[PDB]
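**Q** I would like the atomic coordinates for the input below:
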Amino acid sequence: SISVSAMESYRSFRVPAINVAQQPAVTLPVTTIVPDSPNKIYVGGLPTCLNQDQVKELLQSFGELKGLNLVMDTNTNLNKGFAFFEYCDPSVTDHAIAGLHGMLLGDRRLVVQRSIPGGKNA
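**A** Residues are numbered from 1 along each chain as shown. Find the structure here:
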């Protein structure tokens, strides 16, 4: 499951994932708050002092980002060290999860794991 399960469930038409239901009907793809899309990839291993500016250059290093949610802890005013990004329309998505799976400037690294909401029971 999840491993390329919900392969392109949203190709043409269709409002952004998880919209118009028990959640206020918004417009096209949401802001920093990334929806639970099939292109939603997990990031684990981010510096607390890292910003979206420097985070996106790495995350979009393979393909262009549709959006990404850098969860910050309000008390610290710093990042938790993990995030989630959605890829726009890059065929490199799989390669990104492979290459960026440990690609960070310096001695640091970040994990990249699919968080695709695709059950695919059958």
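**Q** Contacts only, for the residue nearest the centre of the chain.
**A** In the chain, the C-alpha nearest the mean C-alpha coordinate belongs to residue 85, at 1.5 Å (C-alpha atoms, centre = their mean). By C-beta atoms under 8 Å, 6 or more residues apart in numbering, the contact set of residue 85 is 34, 40-41, 43, 59, 65-69. C-beta here means a position set from N, CA and C on the backbone, and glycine is covered the same way.
**Q** how about a cut-off of 6 Å?
**A** Residues in contact with residue 85 (C-beta atoms under 6 Å, 6 or more residues apart in numbering) are 41, 59, 65, 68.
**Q** Spatially, what comes nearest to the last one if we skip its sequence neighbours?
**A** I take that to be residue 68. Leaving aside its sequence neighbours, residue 68 sits nearest to residue 85 (C-beta to C-beta, 6 or more residues apart in numbering; 3.5 Å).
**Q** for residue 49, same thing?
**A** Using C-beta to C-beta, 6+ apart, the nearest residue to residue 49 is residue 78, at 6.5 Å.
**Q** What distance do you get for that neighbour to residue 50?
**A** Separation of residue 78 from residue 50 (C-beta to C-beta, to the nearest Å): 9 Å.
**Q** neighbour-wise, which of the two wins?
**A** residue 50 (18 against 13; other C-beta atoms under 10 Å).
**Q** before we move on, the earlier item: ok, and for the helix or strand hosting the residue nearest to the centre of the chain, which residues are buried?
**A** Assigned by DSSP states H and E, residue 85 belongs to strand 78-87. By neighbour count on 16 or more other C-beta atoms under 10 Å, the buried set for strand 78-87 is 79, 81, 83-87.
**Q** Same check on stretch 86-95?
**A** For stretch 86-95, by 16+ other C-beta under 10 Å, it's 86-87, 90, 93.
**Q** If anything else comes up later, I'll come back, but that's it for now.
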